[PDB]
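This report refers to the structure that appears directly beneath it.
Protein chains in written order, with this note's numbering: chain X, 32 to 246; chain C, 17 to 278.
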């Protein structure tokens, strides 16, 4: 399947950050974990292999370790260039089969923390007349630039036909994201409430629309 | 430094076969294998498979049914094939060089009844080589360095990564977007829905409003079509001004305006 990593991790300049990577005995338990750094617009960069070995050109700040079925990447002193996505990986009970982690977005703090402003838009009358219904959840003014979105229909999580953009920097240097839930005009009228739940730094902001009252 | 370049079509119709080629150069490519790793937008990296110098191929078990990887030694090219592609196969495909080595090392497996008297740790890749297989037979009443199991240690990591090649799977032709207003039930925006093949240019009030406007990146939806939104933040609590977004699609040669109001 996939190795579990925290979605986001943040720290100040010169501080120490750790990123966990938990799996099972057939992957991380094998004891040969690697770490990779992904910067947008650039090719992926290998940082660590074999739990603790550093690839060529990798600074001494990056280090790796493992305990049982859980591996950890550590950055002792953080710098501006360290901001990126970080993935762990390991072989899956064979040398030719490997699995990756879910990935962690690392932010070097450069401005105060800001919670997300969330607005859930109902489908327009014009779209409903075409027998369609798209819910648009627009998220803005949050920092660090990383959120997770959960769509709910009458208190039940739904994941079908859901698309979410990754955080994009605004003009004021804060970040924004968008999420879409595509429905038919019948699915829209068949539920009593829809909700968009945005989780940011362990805090959740929720907006809810009701197809009956919203008109 | 080993150079990797991905070649192939950017757009592939569903139910067809996705074919890609990687051009590998450099002396160090002989030692390590060449593999393929893909990542869908906003998703984790996914391992596809690899092929070594001798021509042996290994694949992701969950995808081996749809995967074929071959290599051309003379052109120093490695090819990938994904059969019967769906919209889920839209991803960025990386050509890579991969280190693969199976070794036998001393370890102390968990379910083993003599693991509590064994010094080499539970991890298979302990770093201490052994020969043979299984229980060493030297475990007694007390702990000893002769008490161990000779297990398989699977070493794997990607050495070098290519830049990647974004591939989109959709049967749609060039389609003009449909613009819908974004107004709260009780910030406003415009939804640019179901268009192909990017991009679309969004302005507000024919360019008279640009500050306080944030247009998002597009998403690729399960329909095979793109959708984005443009957002307007009104300052100063000034009320009673009409807002109109202008959407232009080059492929369809279309220009549409939609007024937004409560």
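For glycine and all other residues, C-beta sits at the position ideal for the given N, C-alpha and C.
| task | Taking all protein chains shown into account, decide if residue 70(X) is buried (16 or more other Cβ within 10 angstroms of its Cβ) or exposed. | result | exposed
| said: Give me, in chain order, the residues of the same chain whose beta-carbon lies closer than 6 Å to that of residue 31(C); leave out the 5 immediate sequence neighbours on both sides. | reply: 100
| said: List, in chain order, every chain C residue whose beta-carbon is nearer than 8 Å to that of residue 134(X). | reply: 60 and 61
| query | Taking the continuous beta strand (DSSP E) assigned at residue 119(C), which residues delimit it? | reply | 107-123
| task | Locate the alpha helix (DSSP H) running through residue 219(X), then write down its first and last residues. | result | 216-221
| request: Use the C-beta contact count for residue 176(C): other C-beta atoms within 10 angstroms, 16 or more gives buried, fewer gives exposed. | output: buried
| Cβ-based burial, residue 72(C) [other Cβ within 10 Å; buried from 16] | exposed
| Where are the beta strand (DSSP E) runs, 3 residues long or more, that stay fully inside the stretch 43-120 of chain X, in chain order? | 48-53, 64-69, 76-80, 93-98 and 101-106
| query | Can you tell which of 126(C), 20(C) and 146(C) has its C-alpha closest to the C-alpha of residue 137(C)? | reply | 126(C)
| task | Please state whether DSSP places residue 62(C) in a helix, a strand or coil. | result | strand
| query | In whole angstroms, what separates the C-alpha of residue 150(C) from that of residue 133(C)? | reply | 15 Å
| query | So who's on the other strand from residue 125(X), going by DSSP bridges? | reply | DSSP, once it has assigned bridges, lists no residue as partnering residue 125(X).
| task | Please decide whether residue 146(X) counts as near chain C, where near means a Cβ-Cβ distance under 7 Å. | result | no
| Using a beta-carbon distance below 7 Å, is residue 52(C) in contact with chain X? | no
| task | With a cut-off of 8 Å on the beta carbons, I'd call residue 173(X) and residue 211(X) a contact; round off their distance for me. | result | Contact doesn't hold; Cβ gap of about 18 Å is too wide.
| field | Exposure label - residue 162(C); buried when at least 16 CB within 10 Å | value | exposed
| The beta strand (DSSP E) with residue 194(X) in it runs from where to where? | 193-195
| query | Mind checking residue 216(C): buried by the 16 CB within 10 Å criterion, or exposed? | reply | buried
| message | Can you give me the C-alpha to C-alpha distance between residue 84(C) and residue 97(C), rounded to a whole angstrom? | response | 5 Å
| request: With a cut-off of 8 Å on the beta carbons, I'd call residue 179(C) and residue 74(X) a contact; round off their distance for me. | output: 5 Å
| query | Would the stretch 221-230 of chain X and the stretch 233-248 of chain C be scored as touching if the rule is three or more Cβ pairs under 8 Å? | reply | no
| message | Please report the distance separating the alpha-carbon of residue 208(C) from that of residue 64(X). | response | 43 Å
| Is residue 140(C) close to chain X, meaning its C-beta is less than 7 Å from at least one C-beta of that chain? | yes
| What residues in the stretch 166-197 of chain X have a beta carbon less than 8 Å from any beta carbon of chain C? | 167, 169, 171, 192, 194, 195, 196 and 197
| Whose Cβ in chain C lies nearer than 7 Å to the Cβ of residue 127(X)? | 66, 74 and 116
| message | Can you look up residue 132(C) in the DSSP assignment and give me helix, strand or coil? | response | helix
| message | Can you check whether the C-beta of residue 40(X) is within less than 7 Å of a C-beta belonging to chain C? | response | no
| Are any of the Cβ atoms in chain C nearer than 7 Å to that of residue 118(X)? | yes
| field | Spatial neighbours of residue 145(C) in its chain, beta-carbon cut-off 8 Å, leaving aside the 5 residues before and after | value | 119, 120, 121 and 122
| query | Buried or exposed: where does residue 32(X) fall if 16 or more other Cβ atoms within 10 Å of its Cβ makes it buried? | reply | exposed
| message | Taking only three categories from DSSP, how would you classify residue 45(C)? | response | helix
| Opposing strand residues paired with residue 230(C) [DSSP bridges] | 247(C)
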